[PDB]
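[1] pasting an experimental structure with its sequence.
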Amino acid sequence: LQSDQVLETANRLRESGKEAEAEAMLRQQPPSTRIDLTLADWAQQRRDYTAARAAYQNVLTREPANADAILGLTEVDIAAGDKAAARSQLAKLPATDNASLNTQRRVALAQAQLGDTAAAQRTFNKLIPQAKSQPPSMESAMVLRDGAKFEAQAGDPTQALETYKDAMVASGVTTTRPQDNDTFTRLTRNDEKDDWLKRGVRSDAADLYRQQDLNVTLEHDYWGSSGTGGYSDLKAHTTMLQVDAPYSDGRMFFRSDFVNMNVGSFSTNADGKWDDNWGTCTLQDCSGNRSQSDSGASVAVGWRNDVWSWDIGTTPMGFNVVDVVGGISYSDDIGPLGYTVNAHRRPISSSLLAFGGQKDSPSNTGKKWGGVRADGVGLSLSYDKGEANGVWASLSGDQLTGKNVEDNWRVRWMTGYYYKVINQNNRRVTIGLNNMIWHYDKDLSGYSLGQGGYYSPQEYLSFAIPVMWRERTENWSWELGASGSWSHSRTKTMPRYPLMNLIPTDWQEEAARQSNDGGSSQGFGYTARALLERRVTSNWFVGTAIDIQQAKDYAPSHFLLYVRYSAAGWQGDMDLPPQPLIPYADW
Ligand SMILES: OC[C@H]1O[C@@H](O[C@H]2[C@H](O)[C@@H](O)[C@H](O[C@H]3[C@H](O)[C@@H](O)[C@H](O[C@H]4[C@H](O)[C@@H](O)[C@H](O)O[C@@H]4CO)O[C@@H]3CO)O[C@@H]2CO)[C@H](O)[C@@H](O)[C@@H]1O
């Protein structure tokens, strides 16, 4: 056909991006409707709405209600966001016929996004058995993958898993249908030479299988920080047990921790008496509580998915001060920028006084204080398409309050630019720059009565240069890196006992005469973090991680070991990076 030669002439111009214009000047003579539909599809692939509707009018001027044009109109209306117009256009579709599986799949998808699940289910129940009998190809693989996704969204995960297992035969991942979970996970592994459809099938099948599994983890981590014995010589142990069970689209988790806080003993020298900046010992010598240690247990329950997450729990029961923490989060995408808002209630685990609170010596006052809880909101912005760049930012503001402590509030701001030197599937090395600015209304770093004993700089500014190295193989997954930082702090002079209602009347004048001097300091800091994970058998995984914090921010170091149990059995690609259990207080 003469028109066929014209069409292929334009098809030999797709190398240049201006082939649409060339078709436009070529079709200045009456083009009938076949080339019009071809250029309408071309316009649909590149940009939408405006010219798509222009071509809609051009075809509809002299068309006998073509099914493809109307279907494209439905798709455009769904993209535009007009439910009524899209539904009307879908109803305008002609009666069902042979309708080669592609157009049926598009109509079923449009019905799925148009609130017609009661008809989309029937459409896909008719589409899948016929596609199964066909030999392996692209369209059959696409329709099988879309049916598996629809069944996953429908509610039944078993049918989606079966469809995903079958889809590999049509796509070309495997010649024979898998009959066991181990082969399924092994075929979900990534390959450096795969088509887009094959990559998508592997990714979504692996994600669905990981979501639909039972995991049990046990982790014990040793954390602490050097300091003066009695209130700051922190040496703490925590044991956490977590079980992740699938539920609807997301995963439900149950976490239970067991802490053991040991801060040492007072270095008494004045004949069984000590006079340190803790409690009210500087007004009168303290005696009786030479050893300071505590332990407790906590329970956490929550549910999360891709869109929004929430959790609820309590602070470790057994401590001097106990409170009910909580949190919630939401995530979405705006263009190329992703934002994750959240409102959280978290305690401070930097010290025993901040976390569970201490008790003053029975000789002087014998009163309980501490237990700082931060209730605030935060806004985080992320942007990453993942070729040679990455930028993230975050801002949060809390209201630091606690039992028998002075009220305080903070406004933190974190930002960072990370550059991926290697962007391989199994290897990722990132070098970038980090910036952090914090501001606290009141300096409560002292451990005296009325203060929270937590790092609260009035003005903070830190610049860090982190270097990362993420790599994985068949059985090993490790991460090694370091980050040197330069920080500048500036505190202000505050009275030693901001809240004067607890101190005795006799010591009131001397208490007022005592104040905590403020100062400014700057210096270089560094931090080193390493991770390791090894898959021993198909069900049990073991790993460990070491965190070293020397950034002058009084952050304690962390050394953790954990073992993960998988009920189903995962023989697929390892986690990049390995994912240890973050402590509940650190959330
Ligand atoms: O065929 C009609 C059918 O089309 C559907 O839309 C399809 C497009 O037809 C199809 O060209 C497109 O495939 C893209 C794919 O989106 C890209 O991801 C891919 O680029 C890959 C690359 O192949 C990989 O090697 C590499 O690793 O990653 C990049 C991407 O990161 O390139 C191909 C071709 O350009 O996918 C669309 C979605 O299916 C319509 O949805 C449907 O209505 C029509 O019936």
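    Now that the structure is in, tell me what you want to look at. Numbering: from 1, shown residues only.

[2] what segments of the stretch 301-450 of the chain are helices?
    Secondary structure of the stretch 301-450 of the chain, counting by DSSP state H, counting those that start in this stretch: helices at 352-355.

[3] can you list the domain ranges for the protein.
    Using automatic domain parsing, the domain ranges for the chain come out as 1-94, 310-578.

[4] turn those domains into CSV, including distance to residue 294 and mean neighbour count.
    C-beta here means a position set from N, CA and C on the backbone, and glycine is covered the same way. As requested, the domains of the chain are exported to CSV (distance: least, C-beta to C-beta, whole Å; neighbours: other C-beta atoms under 10 Å):
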stretch, distance to residue 294, mean neighbour count
domain 1-94, 56, 14
domain 310-578, 6, 17
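
[5] so for the ligand, which of these sits nearest?
    domain 1-94 (6.9 Å; C-beta to the nearest ligand atom).

[6] that closest one close to the ligand?
    No: on the criterion C-beta under 6 Å from any ligand atom, domain 1-94 is out of touch with the ligand, staying 6.9 Å away.

[7] i'd like the first residue to be 551 from this point on
    I'll keep to 551 as the first residue from here, and by that count the last item is domain 551-644.

[8] ok, residue 1102 - contacts?
    Counting by C-beta atoms under 8 Å, 6 or more residues apart in numbering, residue 1102 makes contact with 1035, 1037, 1039, 1073, 1075.

[9] count the residues that sit near the residue of the chain found nearest the ligand.
    Using C-beta to the nearest ligand atom, the single residue of the chain nearest to the ligand is residue 746, 3.6 Å away. When neighbours are counted by other C-beta atoms under 10 Å, residue 746 registers 7.

[10] would you mind measuring from it to residue 695?
    Distance, residue 746 to residue 695, by C-beta to C-beta, to the nearest Å: 11 Å.

[11] checking residue 677 next. Helix, strand or coil?
    State at residue 677, reduced to three classes by DSSP: H, G, I helix; E, B strand; the rest coil: helix.

[12] can you list the strands that the host helix or strand of residue 1080 pairs with?
    Under the criterion DSSP states H and E, the helix or strand holding residue 1080 is strand 1070-1085. Using DSSP bridges, strand 1070-1085 pairs in its sheet with strand 1026-1040 (antiparallel), strand 1090-1100 (antiparallel).

[13] following the shortest one in sequence, what is the next regular element?
    Later in the chain than strand 1090-1100, the nearest helix or strand by DSSP H and E is strand 1107-1116.

[14] for that following strand, packing partners?
    Strand 1107-1116 sits against strand 765-775, strand 1090-1100, with contacts defined as 3 or more C-beta pairs under 8 Å, 6 or more residues apart in numbering; DSSP states H and E.

[15] kindly reformat the ones you listed as TSV containing distance to the ligand.
    Putting the helices and strands packed on strand 1107-1116 into TSV (distance: least, C-beta to the nearest ligand atom, whole Å) gives the following:
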stretch	distance to the ligand
strand 765-775	29
strand 1090-1100	28
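
[16] state the helix or strand in which the closest residue in space to residue 783 that isn't next to it in sequence lies.
    Leaving aside its sequence neighbours, residue 783 sits nearest to residue 814 (C-beta to C-beta, 6 or more residues apart in numbering; 3.4 Å). Element membership for residue 814 (DSSP H and E) is strand 800-815.

[17] strand partners (parallel or antiparallel) of that strand?
    Using DSSP bridges, the strands paired with strand 800-815 in its sheet are strand 784-797 (antiparallel), strand 841-854 (antiparallel).

[18] what angle separates it from strand 765-775?
    30 degrees (axes from the mean of the first three to the mean of the last three C-alpha atoms, to 10 degrees).

[19] what's the offset of strand 800-815 from the middle of its chain?
    In terms of C-alpha atoms, centre = their mean, to the nearest Å, the gap separating the centre of strand 800-815 from the centre of its chain is 21 Å.

[20] so which bits of that strand are buried?
    Of the residues in strand 800-815, 801, 803, 805, 806, 807, 808, 809, 811, 812, 813, 814 count as buried by neighbour count, 16 or more other C-beta atoms under 10 Å.

[21] over to stretch 829-842?
    With burial defined by 16+ other C-beta under 10 Å, the residues of stretch 829-842 counted as buried are 829, 830, 831, 832, 833, 834, 835, 836, 837, 839, 842.

[22] next: stretch 658-678.
    By neighbour count on 16+ other C-beta under 10 Å, the buried set for stretch 658-678 is 658-662, 664, 666, 670-671, 673-674, 677-678.

[23] what's the most distant pair in those residues?
    For the buried residues of stretch 658-678, the farthest-apart pair by C-beta to C-beta is 664 and 678; their separation is 20.3 Å.

[24] how about the strands paired with strand 800-815 in JSON lines, adding distance to residue 1014?
    Formatted as JSON lines, the strands paired with strand 800-815 follow (distance: least, C-beta to C-beta, whole Å):
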{"stretch": "strand 784-797", "distance to residue 1014": "24"}
{"stretch": "strand 841-854", "distance to residue 1014": "29"}
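
[25] how about these in TSV, adding distance to the ligand?
    Output for the strands paired with strand 800-815, formatted as TSV (distance: least, C-beta to the nearest ligand atom, whole Å):
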stretch	distance to the ligand
strand 784-797	28
strand 841-854	27
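
[26] can you list the residues of the protein near the ligand?
    Counting by C-beta under 6 Å from any ligand atom, the chain sits next to the ligand at 652, 656, 745, 746, 749.

[27] which of those are buried?
    Buried subset of the residues of the chain next to the ligand (neighbour count, 16+ other C-beta under 10 Å): residue 656.

[28] so which of the residues of the chain next to the ligand sit within helices?
    652, 656, 746, 749 (DSSP state H).

[29] most widely separated two among these?
    Put simply, by C-beta to C-beta the two of those set farthest apart are 656 and 749, 21.8 Å from each other.

[30] which helix or strand contains residue 618?
    Residue 618 is part of helix 617-630, with elements assigned from DSSP H and E.

[31] off-centre distance for that helix?
    On C-alpha atoms, centre = their mean, the centre of helix 617-630 falls 35 Å from that of its chain.

[32] show me what it is packed against.
    helix 584-595, helix 600-611, helix 633-641, helix 651-663.

[33] contacts only, for the nearest residue to residue 1041 once chain neighbours are set aside.
    The shortest distance from residue 1041 to any non-neighbouring residue, by C-beta to C-beta, 6+ apart, is to residue 1068 (4.2 Å). By C-beta under 8 Å, 6+ apart, the contact set of residue 1068 is 993, 1008, 1041, 1042, 1043, 1044.

[34] need the residues you listed in a markdown table (columns: secondary structure).
    What follows is the contacts of residue 1068, written out as a markdown table (three-state DSSP):
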| residue | secondary structure |
| --- | --- |
| 993 | coil |
| 1008 | coil |
| 1041 | coil |
| 1042 | coil |
| 1043 | coil |
| 1044 | strand |
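
[35] out of these, flag the one nearest to residue 931.
    Using C-beta to C-beta, residue 1008 comes nearest to residue 931 of those, at 26.0 Å.

[36] got the contact list for the residue nearest to that closest one when sequence neighbours are not counted?
    Closest residue in space to residue 1008, ignoring its immediate chain neighbours: residue 1042 at 5.0 Å, by C-beta to C-beta, 6+ apart. Residue 1042 sits next to 993, 1008, 1068 when contact means C-beta under 8 Å, 6+ apart.

[37] stretch 860-878: end-to-end distance?
    Criterion C-alpha to C-alpha, to the nearest Å; first-to-last residue distance in stretch 860-878 is 4 Å.

[38] contact partners of it?
    With contacts defined as C-beta under 8 Å, 6+ apart, stretch 860-878 is touched by 805, 807-809, 811, 844-854, 858-859, 879, 892-897, 905-909, 918, 920-921, 923, 952-953, 1134-1135, 1137.

[39] one more pass at 7 Å, please.
    Contacts with stretch 860-878, where a contact means C-beta atoms under 7 Å, 6 or more residues apart in numbering, come from 807, 809, 844-853, 879, 892-897, 905-909, 918, 920-921, 923, 953, 1134, 1137.

[40] equivalent analysis for stretch 784-794, please.
    For stretch 784-794, the external contacting residues (C-beta under 7 Å, 6+ apart) are 765-775, 777, 801, 803-813, 901-902, 1106, 1131, 1133.
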